[PDB]
Amino acid sequence: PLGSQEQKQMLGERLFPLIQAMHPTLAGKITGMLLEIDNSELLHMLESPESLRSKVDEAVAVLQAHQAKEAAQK
Amino acid sequence: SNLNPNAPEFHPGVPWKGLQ
């Protein structure tokens, strides 16, 4: 309930500085996409900088692929 | 493995949208 909502907020508060150091321009979007997955992987990404990089690099490619689809329309 | 590009943006200090 509201406890899991606070858990999801604080996980974003821990992930955002690390992602902002990695990808500062689109840090807010990558944190929002990564926050959708289960919390078990989120706690692992904070302990391993390599696992965080893999999820962030996957998230940046997702936004890049969606921007091309949105540009193909108008 | 599925990531949503339309996921709500996370801004520190304000409650995240799509919060269930």
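In what sequence do A:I30, A:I37, A:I19 fall when counting other Cβ within 10 Å, fewest first?
A:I37, A:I19, A:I30
How shielded is A:28-41 by partner chains, expressed as the average number of their Cβ atoms within 10 Å of its Cβ atoms?
For peptide A:28-41, the averaged partner shielding equals 4.
With 10 angstrom as the radius, rank A:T25, A:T31 by how many other C-beta atoms surround their C-beta, starting from the fewest.
Ranking A:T25, A:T31 by Cβ neighbours within 10 Å, fewest first, gives A:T25, A:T31.
Please enumerate, by chain and number, the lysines with C-alpha under 22 Å from the C-alpha of A:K55, excluding those fewer than 8 residues away in the same chain.
Here the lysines satisfying the reach criterion relative to A:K55 are A:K8, A:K29, A:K69, B:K17.
Short version: ³J(HN,Hα) in whole Hz for each residue of the range B:6-18, in order, from phi by Karplus 6.51 cos²θ - 1.76 cosθ + 1.60 (θ = phi - 60°), x for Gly and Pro, what are they?
8, 4, x, 5, 9, 10, x, x, 10, x, 5, 5, x
Find how much the distance from A:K69 to A:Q7 grows on full extension, using 0.36 nm per residue of separation minus their present alpha carbon separation; answer in nm with one decimal.
So the chain would gain 19.0 nm between A:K69 and A:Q7.
Mind grabbing the base-10 log of I(q)/I(0) for chain A at q = 0.16 Å⁻¹? Debye formula, identical points on the C-alpha positions, no solvent, two decimal places.
-0.58
Just so you know, all these numbers are worked out from the coordinates, no wet-lab data involved. Every residue, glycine among them, receives a Cβ derived from its backbone with ideal geometry; neighbour counts consider all protein chains shown.
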